[PDB]
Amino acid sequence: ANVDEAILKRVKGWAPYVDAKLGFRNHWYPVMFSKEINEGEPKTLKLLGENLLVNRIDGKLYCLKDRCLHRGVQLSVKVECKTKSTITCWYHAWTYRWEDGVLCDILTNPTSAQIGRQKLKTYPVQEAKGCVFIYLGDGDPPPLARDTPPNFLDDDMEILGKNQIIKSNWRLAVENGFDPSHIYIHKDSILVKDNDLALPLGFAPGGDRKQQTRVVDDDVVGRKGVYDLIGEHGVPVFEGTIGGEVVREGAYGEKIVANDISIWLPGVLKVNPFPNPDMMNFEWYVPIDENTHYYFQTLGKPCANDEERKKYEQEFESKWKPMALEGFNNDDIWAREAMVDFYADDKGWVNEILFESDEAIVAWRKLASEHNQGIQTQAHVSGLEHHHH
């Protein structure tokens, strides 16, 4: 639907994934932090190509599509919330309820037959761990846990992080994140020295194909993902050689980290333990449009009370955020961007020459193709098209 049929026909093992250029519909996605949206102050954002508006009323979040039903203008061009529970389009005053999107009034013509007979698209919104999740889908939403990695929602798990827009398709961000051998680009990260980490340069695989990963599709919660087990039978590379001569060495620090990595639909990575032996790293690559994504980074650390929460918060600002989220992950950002040209014409999905560790990426592509809840299409963006027969 989104890609030349000749290409989809070639990638028989994961065509749905290759076709999912706009992301997967019917999944929850984090788009901002709770503290970024204030009471009565609608905020705009684009998710899966759709312009949305989020507002907080009586502390609860509501989401309406930011596109008037009438002439298709963004209501946000000139926000007019004239009553607590509604928003009035600045153009011809069509008024909608945040609660159900129903066109309840039209100031330019209170006798219009459209009143009460049209409805603006709304999307479920849920806040968890100080993060704002939007269910970009149709029908009643599944539990949030289904689209989050294990432990993210733990009661004692304190979540902190940052978010930003990155210029690359979401899939390139995902594959880079789950890529076992990309650890090489982190060899000079400040976190390595400054946090005394043990970090190999790569991995010499061991065992059979099936042993390289653990595909999860029997999670009682419904979670669908893959675990990277390359380290279970492999031999970590600490001395890189060329022509038999050592030209590079891994990091021989004491802190053991990132020995438990997994990727979960709709596209969230869990690195454990990281950036420190007593922490976890959860990062989402949320589709904005075919060329961009939100790089939603979160770090979690169990905290029994305000005491620890405050301390954690302090270290997050002074150390973890600058040394890890940025000092470590920044290289991930330009790495993703570096793959844009090769895959931009969709040809990269055919011409890529993979090697052993990409077995982890293949497992993900297959899992995503088989368990996604829907392929977002441009028609979903402009307006579904069909001619029942």
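Start at 1 and count along the sequence shown; that's the residue number.
Visitor: Higher mean Cα B-factor in the deposited model: 300-308 or 179-187?
Guide: 300-308 has the higher mean C-alpha B-factor.
Visitor: Do the CA atoms of 119-127 or those of 309-317 have the higher mean B-factor in the entry?
Guide: 309-317 has the higher mean C-alpha B-factor.
Visitor: Reading the B-factor column of the entry, which of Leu269, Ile87, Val77, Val246 has the highest value at its C-alpha atom?
Guide: The listed residue with the largest C-alpha B-factor is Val246.
Visitor: Select one of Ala93, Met279, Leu103, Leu136: the residue whose C-alpha shows the highest B-factor in the crystal structure entry.
Guide: Each of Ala93, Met279, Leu103, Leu136 was compared by C-alpha B-factor; the highest is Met279.
Visitor: Split into thirds by Cα B-factor across the chain's modelled residues, where does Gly49 land: lowest, middle or highest?
Guide: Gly49: CA B-factor falls in the lowest third of its chain.
Visitor: Per the entry's values, where does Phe238 land by CA temperature factor relative to the rest of its chain, in the lowest, middle or highest third?
Guide: For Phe238, the deposited C-alpha B-factor lands in the highest third.
Visitor: Which third of the chain holds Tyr285 when residues are ordered by C-alpha B factor: lowest, middle or highest?
Guide: CA B-factor rank for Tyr285: lowest third.
Visitor: Going by what the PDB entry lists, where does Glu337 fall on CA B-factor within its chain: lowest, middle or highest third?
Guide: It belongs to the middle third of the chain when residues are ordered by C-alpha B-factor.
Visitor: Going by what the PDB entry lists, where does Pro322 fall on CA B-factor within its chain: lowest, middle or highest third?
Guide: For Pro322, the deposited C-alpha B-factor lands in the highest third.
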